């Protein structure tokens, strides 16, 4: 059900090392959260999968995993993301390995984490180069093992869907051609210099390059701690225009939860309330 409202949840504990609850996203009024992406999972050569600084089964994450059950009860799909800023998950030592046993070993760890933590999807946020063969295999294998209703997404930077600047090495247009039916949507990063939601031009260019609006989620920084943040009012103006063109867009994702403007660390759920008013103004 479009539009999706997706929140990345990377910072899991506050400055006092206390868990940050994800539950206000379902308990505070006026939020239509569709997906919560727990991140960032890391594949480590010679190691075990980590969620940020600890293995996901560590006591550090007891509160997190307990809360995910409640999120799912409320109708939110809980996914993981592997990759992001920290290199190591998609190189020739791990998931891009040309050694079959090495690939099976690290892939098996990812598969096992998905099963053990009862995730409903996986976002492959590839921010270092990975071969075409490697990404194609990973997606096809995930699809093979987890079935057609498991969610598989990627997080291209916006220009990577416009035949331009790309963090991932492989081609997203080639990927869409060969594995597009296995990919539910693209968490498209309109920030860091790679694209802008301040007008419709970038989103329209991506659509014209063969990526359906239903599969292009407009990614947004939730704070100006980075490059390319825009006010939600600007986001709204652009989305109104896009909807007039396409009827339905893929939705919006936010990087990342805990300190989101306007409410900050005190009230980080206010972002999701505002974006819900943008995407579903009749709710």
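Residue numbers count along the first chain shown, from 1.
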Checklist entry - Which has higher Cα B-factors on average according to the PDB entry: 11-19 or 270-278? => result 11-19
Checklist outcome for this item: Comparing 48-56 with 250-258, the higher average Cα temperature factor in the PDB entry belongs to 48-56
Checklist entry - Based on the PDB record, which member of 91, 188, 166, 176 exhibits the highest Cα temperature factor? => result 91
Next on the checklist: Among the choices 160, 85, 78, 81, identify the one whose CA B-factor in the record is greatest.
Outcome noted: 85
Next on the checklist: By the recorded C-alpha temperature factor, relative to the other modelled residues in its chain, which third is residue 68 in?
Outcome noted: lowest
Checklist outcome for this item: residue 238: CA temperature factor from the record, placed by chain third, in the middle
Checklist entry - Thinking about Cα B factors across the chain, which third does residue 194 belong to? => result lowest
Item to check | Ranked C-alpha temperature factor of residue 220 among modelled chain residues, by third | outcome: lowest
Checklist outcome for this item: Of the three thirds of the chain ranked by Cα temperature factor, residue 31 occupies the middle
